[PDB]
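Student: Chains as they are written, first to last, in our numbering: chain C, 1 to 666; chain H, 1 to 66; chain D, 1 to 88.
Cβ coordinates follow ideal geometry from the N, Cα and C atoms, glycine included.
(1) Enumerate in chain order the residues of its own chain whose CB-to-CB distance from residue 611 of chain C is below 7 Å, with the five nearest sequence positions on each side excluded.
(2) So which of D/32, D/8, D/65 has the shortest CA-CA distance to residue 49 of chain D?
(3) From the DSSP secondary-structure annotation, give me the bridge partner or partners of residue 493 of chain C.
(4) When DSSP labels each residue in this structure, what does residue 231 of chain C get in the three-state scheme?
(5) Tell me the residue span of the beta strand (DSSP E) that contains residue 299 of chain C.
(6) Closer than 8 Å, Cβ to Cβ, to anything on chain H: give me those residues from the region 538 to 563 of chain C, in chain order.
(7) Roughly how many whole angstroms lie between the Cα atoms of residue 12 of chain D and residue 72 of chain D?
(8) CA-CA distance, residue 62 of chain H and residue 550 of chain C?
(9) Along the beta strand (DSSP E) that carries residue 279 of chain C, what are the first and last residues, could you check?
(10) Could you tell me whether the Cβ atoms of residue 27 of chain C and residue 46 of chain C are closer together than 8 Å?
(11) So residue 82 of chain C packs on residue 294 of chain C, CB below 8 Å; how close in whole Å?
(12) Which of the three DSSP states is assigned to residue 398 of chain C in this structure?
(13) By how many angstroms is the C-alpha of residue 116 of chain C removed from the C-alpha of residue 456 of chain C?
(14) Can you check whether the C-beta of residue 570 of chain C is within less than 8 Å of a C-beta belonging to chain H?
(15) Is there a Cβ from chain C that is less than 8 Å from the Cβ of residue 65 of chain D?
(16) Chain D beta carbons: is any one of them nearer than 8 Å to that of residue 636 of chain C?
(17) Shortest alpha-carbon distance to residue 217 of chain C belongs to which of C/102, C/515, C/192?
(18) With 16 other CB atoms within 10 Å as the buried threshold, where does residue 380 of chain C fall?
(19) Which runs of the alpha helix (DSSP H) spanning at least 4 residues fall entirely within the region 280 to 330 of chain C, listed in chain order?
(20) Which term fits residue 488 of chain C, buried or exposed, when burial requires 16 or more other beta carbons within 10 angstroms of its beta carbon?
(21) According to DSSP, simplified to helix, strand and coil, what is residue 101 of chain C?
(22) Would residue 199 of chain C and residue 148 of chain C be called neighbours here (beta carbons separated by less than 8 Å)?
(23) Using a Cβ-Cβ cut-off of 8 Å, state whether residue 608 of chain C counts as contacting chain D.
(24) Could you give the first and the last residue of the continuous beta strand (DSSP E) run that contains residue 212 of chain C?
(25) According to DSSP, is residue 36 of chain H part of a helix, a strand, or is it coil?
(26) What distance in whole Å lies between the Cβ atoms of residue 69 of chain C and residue 95 of chain C, which are believed to be in contact at a cut-off of 8 Å?
(27) With a cut-off of 8 Å, does the C-beta of residue 34 of chain D fall near any C-beta of chain C?
(28) Is residue 630 of chain C close to chain D? Criterion is C-beta to C-beta, closer than 8 Å.
(29) Going by DSSP, what residues sit across from residue 536 of chain C in a beta bridge?
(30) Report the three-state DSSP secondary structure of residue 380 of chain C (helix, strand or coil).
(31) From the DSSP secondary-structure annotation, give me the bridge partner or partners of residue 499 of chain C.
(32) Need the endpoints of the alpha helix (DSSP H) that residue 266 of chain C sits in, please.
(33) Can you tell me the Cα-Cα spacing of residue 241 of chain C and residue 134 of chain C, whole angstroms?
(34) With DSSP run on the structure shown, which of helix, strand or coil describes residue 557 of chain C?
(35) Chain D partners of residue 627 of chain C, CB-CB under 9 Å?
(36) Quick one: measure Cβ to Cβ for residue 546 of chain C and residue 471 of chain C, integer angstroms, because I've assumed they're closer than 8 Å.
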């Protein structure tokens, strides 16, 4: 029986494992680097061990350091999570060698299924269906044509070394094959210097269907239905559902049996996943790839009732790692209502989904637990005030909602996302709302390219009514105001608030009276807001009761930073960015001329030119050193531009002698 | 399916209807007059609309205003 | 205990590490002594590295300004070269 489990991966997975260990009374040991003073998993663990320097690369990946950490803290088991170092066979072998128990598959199985070549051979030898493609050494055009005829059009031609979708040609008719093959060979030669090609069957409407299997140490194995990961963009999962809609009971039984057979053939221990490419038109699934680890989408499966009790996959994984028999064998497992998971990242969908950093300055979570009709569960690795650093775990959180039907689950997810208020970091909440409200998504199962299919519709801008602008300006002004009274004799106090709307510098002019009644002016529009009362919430926010115009009374919550204002109105949640401050405010760089003919301060000797002739120099940048009275005086550039010296070095200059010309290069 | 229900009567009945609407996920709209700055039903509702002057007779009875 | 009970301890530490101050300090014992900007030192000693310079363009060899040490307001006069009549 385990007493201590060390988690080698940070993030929300560490918190999940810590929670399930606290449920089972296992002491938790965490792993961190020197740059993590307030990491959530470190605070949620009984003990933590620092792995060394914090470059975020050497740490969390040094297997020897993790082994030493586990040995020093008397850890009984090592759980790698689903992050980095969770699929390295060498790390698992080292864990087993030191005497620690690895929570996962044997190293041989993990190594064999990570090459993408031997795994295919094993899957073929096991009788599991494989994608009907040709990959033989024979590149003869007649043999390739015969293989294409055998496979059945449509087909796809790829380069052997092709990657990123390059060198792939879609063939629909036999006539086009003779041209498409030549074009693909030419492109492969021009990109990879290898004319060899691979012919496979092209699926026009693919769906990534994942079946989850769990195997004991004694050889027993049980499947856990299916998971749909069709909604994704550039191999980045976004929204998942369980069970997969539009799948018959017989089809699910067939997929589960195939998954169990494949896991038995590979000799798997622990929790694993198998992803197939299912076709809606052909109703046939083909093995695509197996993951020998836990997955981020496992909660949507946990929302499966083992002997009536809810499933805890990590608990079962720990029990198997301890070496205990499975409780039941595919008999006490029952399907339940559909559950849906949304992955809230930290990227901007409008600007090409590029990851962006920031700090979670306000993190009001949706109401989690058993609601009136649905069950809501939020899993995150960040708390309010934490700063998410770009290019390191871009996912902010995962939110799962379980109902009785897919429509109810979708409505619950919409409501929960509407209540998830994040201020400080750009997110994809609006993108998730657009995806959920898309008619194609609500119809049923959709293809993988759905994100690429409705890009114009999903990336629609969110409209900001003038009421939101007025309320944001009023909230900002109230934040500025302390206990001082607004009074100008015989006048209304004038104020201005500048926001950025789509790059447009919108300005709201407000006139405020002594009775705390604001009037905000827009183009041919006036909005009157009477602030009845304000209350400073402990979470650095303010609850404001307002009367808009003279007839719309309601209360809302506002959060004001130095860069944006966020309002939680009954209409929804809005964040308006203040007009950014200039970085050159009051900049006086000793000159602004385009020539900058500077003169020597005193007679002396020019010792060294700190910049080469013809070099670009910024304002205030040293260009040469002048020595007088055994003291080094350094001449600085007064403006940006190419600097050309006039006086030779190691010489002598006089009072007010020209030194160099700074010409602003175009 | 309803999204917003407006209660035309103040008091505890308004609070009861607001509670059962929150159970059913229906947004609540309240009705009040200018002399109700801290009415319980106004605070318990998502939105409120003032019916005009507060003599407590013309308000809560003007059907057109409601 | 105190003439005035006001605390005023809402200060911010310097934004730059003092441990690298020595990087800006040249060799004082040398045939020709190099010059450095004393502001780089000031940025590593005062609250939030904030410094309101008094006559930034007149002295140019004597830096005079206002700063704070743990919330206490202090006028700083630092040498930045040869003293002139304007600097004095």
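Tutor: Concretely, from the data shown:
(1) Cβ neighbours of residue 611 of chain C beyond the five flanking positions: 617, 623, 643.
(2) D/65
(3) C/512
(4) In the three-state scheme derived from DSSP, where H, G and I count as helix and E and B as strand, residue 231 of chain C is classed as coil.
(5) That residue, residue 299 of chain C, is in no beta strand (DSSP E); its alpha helix (DSSP H) goes 298 to 302.
(6) 547, 550, 551, 552, 553, 554, 555
(7) Cα to Cα, the separation comes out at about 12 Å.
(8) 17 Å
(9) 270 to 279
(10) yes
(11) 5 Å
(12) strand
(13) 35 Å
(14) yes
(15) no
(16) no
(17) C/102
(18) buried
(19) 298 to 302, 313 to 322
(20) Of the residues assessed, residue 488 of chain C falls on the exposed side of the cut-off, its CB having fewer than 16 other CB atoms within 10 angstroms.
(21) strand
(22) yes
(23) no
(24) 206 to 215
(25) coil
(26) Rounded, the Cβ-Cβ distance is 12 Å, inconsistent with contact.
(27) yes
(28) yes
(29) Paired residues: C/542.
(30) strand
(31) C/506, C/578
(32) 249 to 266
(33) Computed Cα separation, rounded: 33 Å.
(34) strand
(35) 32
(36) Their Cβ separation, rounded to whole angstroms, is 7 Å, which keeps residue 546 of chain C and residue 471 of chain C in contact under 8 Å.
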